[PDB]
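1. got an experimental structure here, sequence first:
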Amino acid sequence: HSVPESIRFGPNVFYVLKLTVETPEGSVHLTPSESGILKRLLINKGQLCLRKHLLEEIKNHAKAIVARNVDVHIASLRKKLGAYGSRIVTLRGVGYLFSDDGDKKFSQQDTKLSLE
């Protein structure tokens, strides 16, 4: 297991602590409450999670301060987030399988500055 602290999906990078994804043209902002849901799922990045239990992850980080539920906040997130919004898979039997890729990003070294 490896807890990542960044997002890299194709030609678009998203920060888990910035809430802003840089696009080819420029940048793209979004709501931290909706992007917060994808931020909690990014901590796992491809894992078997539950729905109701997910409320505990979105509740621990503002249970949407502008909605009625989290499931409805993830839908609007699909607008700001992008292709990552669809990442959250709701299997009718398994639960929540936000299958992304798997290639985590464990910050092994602390720096990199030497001849090659």
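-> Yep, that arrived. Numbering: from 1, shown residues only.
2. the helix ranked longest in the chain packs against which elements?
-> For the chain, the longest helix by residue count, based on DSSP state H, is helix 71-80. Secondary-structure packing of helix 71-80 (3 or more Cβ pairs under 8 Å, 6 or more residues apart in numbering; DSSP states H and E): helix 35-42. Using the backbone N, CA and C atoms, a C-beta is placed for each residue, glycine as well.
3. grab the most central residue of this structure for me.
-> A centroid search over the chain (Cα atoms, centre = their mean) returns residue 38, at 2.9 Å, as the residue closest to the centre.
4. so what's that one up against?
-> 14, 74, 77, 81, 84-85, 87-88 (Cβ atoms under 8 Å, 6 or more residues apart in numbering).
5. dump these into JSON lines; add neighbour count as well.
-> Putting the contacts of residue 38 into JSON lines (neighbours: other Cβ atoms under 10 Å) gives the following:
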{"residue": "14", "neighbour count": "22"}
{"residue": "74", "neighbour count": "24"}
{"residue": "77", "neighbour count": "23"}
{"residue": "81", "neighbour count": "26"}
{"residue": "84", "neighbour count": "22"}
{"residue": "85", "neighbour count": "19"}
{"residue": "87", "neighbour count": "20"}
{"residue": "88", "neighbour count": "23"}
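6. which residues touch residue 102?
-> 45-46.
7. hmm, back to that, from residue 116, how far out is the residue nearest to the centre of the chain?
-> According to Cβ to Cβ, to the nearest Å, residue 38 stands 36 Å off from residue 116.
8. got it, and residue 32?
-> As judged by Cβ to Cβ, residue 32 and residue 116 stand 39 Å apart.
9. comparing those two, which residue is more hemmed in?
-> When neighbours are counted by other Cβ atoms under 10 Å, residue 32 and residue 116 differ, and residue 32 comes out ahead with 14 against 2.
10. so the more buried one sits against residue 19, correct?
-> Yes: counting by Cβ atoms under 8 Å, residue 32 does reach residue 19; the two are 4.8 Å apart.
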